[PDB]
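Inspection log for the structure reproduced underneath, given as structure tokens.
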Amino acid sequence: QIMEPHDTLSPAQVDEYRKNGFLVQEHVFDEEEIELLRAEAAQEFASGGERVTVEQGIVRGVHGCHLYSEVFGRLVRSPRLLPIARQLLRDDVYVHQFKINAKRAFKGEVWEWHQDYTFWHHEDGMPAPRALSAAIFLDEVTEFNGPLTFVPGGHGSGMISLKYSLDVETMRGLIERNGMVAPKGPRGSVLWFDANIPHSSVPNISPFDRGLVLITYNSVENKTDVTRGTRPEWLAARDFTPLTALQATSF
Ligand SMILES: O=C(O)CCC(=O)C(=O)O
Ligand SMILES: [Fe+3]
């Protein structure tokens, strides 16, 4: 049995990622693959216990699934994902954080402007922004179902109800200078984005869900300082073993 040889990003794609701080690959996973992930996400929402976040009734998100789900444990090692994480971070990598964020049809909340790295640095002791997130689109992402919205190039400045949100004046500057972009894509796409890129999102006013599986890969060299960590393993990983790619086996 055979896995397709590892695909990596072209130089132009890498350049775009580094310039903009995000990049979309369309149609990485097929419909049947996404349905397997959707079904597993539903199980995690149902069984996640303390790892679930709710609509202040409906479970809206869950954390740390790769530690508890064999499917999600395999996903983070996928030959569709791991080679690109290694390429972009120029290192062996591990998963710092894993979350699934559902924005159901005609529902969802405003995510205030933030940089993920600010949290990871201060809360988890991540020493540098040598990390990224891969957002797998469980559903088509459109203008109208609450897409992640970015300041392109806004990661280049460095580190600027969320604990760490960005104020009106600091954001005004960024946006006046750099603008705003909400990357779109079909179901099965992957949105790669930098640990330090400012992003936000709005409620879903479509009749369609916007499920995202967000895998945060960190450089092994850039492992967090667990002496200054404040969070459980399912929010901030402590096992820095380098990930290896899934091979094709008979089971
Ligand atoms: O799901 C979203 O719209 C925002 C997710 C996010 O930025 C985050 O969890 O840090
Ligand atoms: Fe975020």
Side-chain angles (χ1 to χ4, degrees), residues 9 12-25 61 63 76 81-82 84-99 101 110-136 141 147-167 169-183 185 190-202 212-226 228-231 235-237 240 243:
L9 298 181
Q13 282 174 304
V14 172
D15 289 351
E16 173 178 344
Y17 175 76
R18 298 213 188 289
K19 193 211 311 84
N20 291 338
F22 65 87
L23 178 78
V24 172
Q25 294 181 288
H63 288 77
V76 302
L81 295 178
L82 181 62
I84 291 166
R86 290 174 172 179
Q87 177 185 20
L88 287 180
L89 299 185
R90 299 178 68 180
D91 198 4
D92 276 321
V93 302
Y94 74 98
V95 174
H96 171 60
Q97 189 175 257
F98 187 109
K99 61 169 75 184
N101 290 356
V110 173
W111 284 72
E112 296 285 300
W113 285 102
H114 65 286
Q115 297 164 297
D116 295 337
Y117 173 61
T118 306
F119 291 75
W120 299 334
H121 177 89
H122 286 299
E123 298 289 297
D124 304 324
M126 181 177 296
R130 193 183 176 179
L132 59 70
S133 297
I136 306 171
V141 170
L148 291 179
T149 303
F150 299 95
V151 178
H155 62 308
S157 303
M159 180 156 59
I160 311 297
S161 51
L162 292 187
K163 187 170 181 176
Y164 312 78
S165 57
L166 298 183
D167 69 62
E169 300 305 299
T170 190
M171 281 308 313
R172 178 164 291 111
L174 261 336
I175 294 167
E176 283 175 354
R177 284 199 304 288
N178 289 282
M180 277 172 298
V181 176
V190 176
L191 165 63
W192 300 92
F193 62 97
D194 191 278
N196 210 46
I197 193 172
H199 53 286
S200 172
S201 66
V202 307
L212 297 180
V213 178
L214 298 113
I215 309 162
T216 300
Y217 291 99
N218 190 24
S219 149
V220 164
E221 175 168 291
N222 192 50
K223 60 184 182 182
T224 56
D225 181 2
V226 299
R228 289 173 50 246
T230 58
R231 300 201 296 169
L235 286 184
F240 306 129
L243 290 171

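We're numbering straight along the sequence, starting at 1. For the numbers below, each heavy atom of this structure counts, side chains included, while hydrogens, waters and symmetry mates do not.
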Check the side chains of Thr149 and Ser201 for a donor-acceptor pair under 3.5 angstrom, ignoring hydrogens and angles.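 On atom types as modelled, these side chains do not qualify, holding no pair under 3.5 Å.
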Just wondering, do [Y] and [X] contact through their side chains at under 4.5 Å, heavy atoms?
X      : Y      : result
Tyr217 : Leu88  : no
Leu212 : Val141 : yes
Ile160 : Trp113 : no
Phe193 : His155 : no
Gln13  : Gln87  : no
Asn101 : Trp111 : yes
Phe119 : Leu235 : no
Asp91  : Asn222 : no

What residue among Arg231, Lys163, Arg228 forms salt bridge (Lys or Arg N to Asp or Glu O under 4.0 Å) with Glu123?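 That would be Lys163; it is the only one of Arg231, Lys163, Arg228 passing the salt bridge (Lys or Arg N to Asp or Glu O under 4.0 Å) with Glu123.
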Ignoring hydrogens, what is the shortest heavy-atom contact between [X] and [Y]? Give both atom names and the distance.
X      : Y      : result
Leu166 : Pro198 : CD1-CB, 4.3 Å
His96  : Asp124 : NE2-OD2, 3.0 Å
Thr224 : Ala237 : OG1-O, 3.9 Å
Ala85  : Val93  : O-CG1, 3.8 Å
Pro147 : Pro183 : CB-O, 4.4 Å
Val220 : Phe240 : CG2-O, 3.9 Å

Any chance you could measure [X], atom [atom1], to [Y], atom [atom2], to the nearest 0.5 Å?
X      : Y      : atom1 : atom2 : value
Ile197 : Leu132 : CD1   : CG    : 11.5 Å
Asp194 : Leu23  : CG    : CG    : 12.0 Å
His121 : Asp225 : NE2   : CG    : 10.5 Å
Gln115 : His199 : CD    : NE2   : 9.0 Å
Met171 : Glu112 : CE    : CD    : 10.5 Å
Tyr117 : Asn218 : OH    : CG    : 10.0 Å

Derivation of the side chain to side chain contact (heavy atoms under 4.5 Å, CB included) call for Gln25 and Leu9: CA-CA 9 Å; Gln25 294 181 288; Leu9 298 181; 3.7 Å; yes
Pair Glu169 + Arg172: basic N to acidic O under 4.0 Å: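 Looking at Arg172 together with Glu169, the answer is yes, because their closest N to O distance falls below 4.0 Å.
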For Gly158, is there any backbone N or O sitting under 3.5 Å from a side-chain donor or acceptor partner on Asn196?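 Between the backbone of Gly158 and the side chain of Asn196 there is a qualifying donor-acceptor contact (under 3.5 Å).
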I would like to know whether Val76 and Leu81 meet side chain to side chain contact (heavy atoms under 4.5 Å, CB included); could you show each step before the answer? CA-CA 7 Å; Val76 302; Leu81 295 178; over 6 Å; no
Using the side chain to side chain contact (heavy atoms under 4.5 Å, CB included) rule, take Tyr17 and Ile84 through it: C-alpha gap first, then chi angles, then the decisive distance, then the call. CA-CA 11 Å; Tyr17 175 76; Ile84 291 166; over 6 Å; no
